[PDB]
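Student: Sequence first, structure after, both from an experimental entry:
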Amino acid sequence: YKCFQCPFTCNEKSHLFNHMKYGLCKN
Ligand SMILES: [Zn+2]
């Protein structure tokens, strides 16, 4: 997916959520 919080992308949203919820990059 796509993440503006920090240059990050993944195979699917489920990972974006995890990436957003993991606190790796908060906005
Ligand atoms: Zn991000």
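Tutor: Happy to help now that I have it. Numbers count the residues shown, from 1 in each chain.
Student: can we go C-alpha only for contacts and neighbour counts from here?
Tutor: Noted.
Student: give me the beta-bridge partners of residue 9?
Tutor: residue 2 (DSSP bridges).
Student: Pull the contacting residues for it.
Tutor: For residue 9, the contact set (Cα atoms under 8 Å, 6 or more residues apart in numbering) comprises 1-3, 16.
Student: near the ion, anything from stretch 1-11?
Tutor: Yes: shown here: stretch 1-11 in contact with the ion (Cα under 5 Å from the ion) through 3, 5-6.
Student: mind putting the contacts of residue 9 in CSV, neighbour count and distance to residue 22 included?
Tutor: Supplementary listing: these in CSV, determined by neighbours: other Cα atoms under 10 Å; distance: Cα to Cα, whole Å:
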residue, neighbour count, distance to residue 22
1, 12, 15
2, 13, 15
3, 15, 13
16, 17, 9
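Student: before we move on, the earlier item: can you put the residues of stretch 1-11 next to the ion in a markdown table and add distance to residue 23?
Tutor: Rendered in a markdown table, the data for the residues of stretch 1-11 next to the ion read as follows (distance: Cα to Cα, whole Å):
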| residue | distance to residue 23 |
| --- | --- |
| 3 | 13 |
| 5 | 11 |
| 6 | 11 |
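Student: Residue 18 should be in a helix, yeah?
Tutor: Yes: membership of residue 18 in a helix is supported by DSSP: H, G, I helix; E, B strand; the rest coil.
Student: what's the distance between it and residue 7?
Tutor: Counting by Cα to Cα, to the nearest Å, the separation of residue 18 from residue 7 is 15 Å.
Student: same question, residue 23
Tutor: Relative to residue 7, residue 23 is positioned 14 Å away (Cα to Cα).
Student: re earlier: more neighbours: which of residue 18 and residue 7?
Tutor: Neighbours per residue (other Cα atoms under 10 Å) separate residue 18 from residue 7, with residue 18 holding more: 11 against 8.
Student: With that, I have no additional questions.
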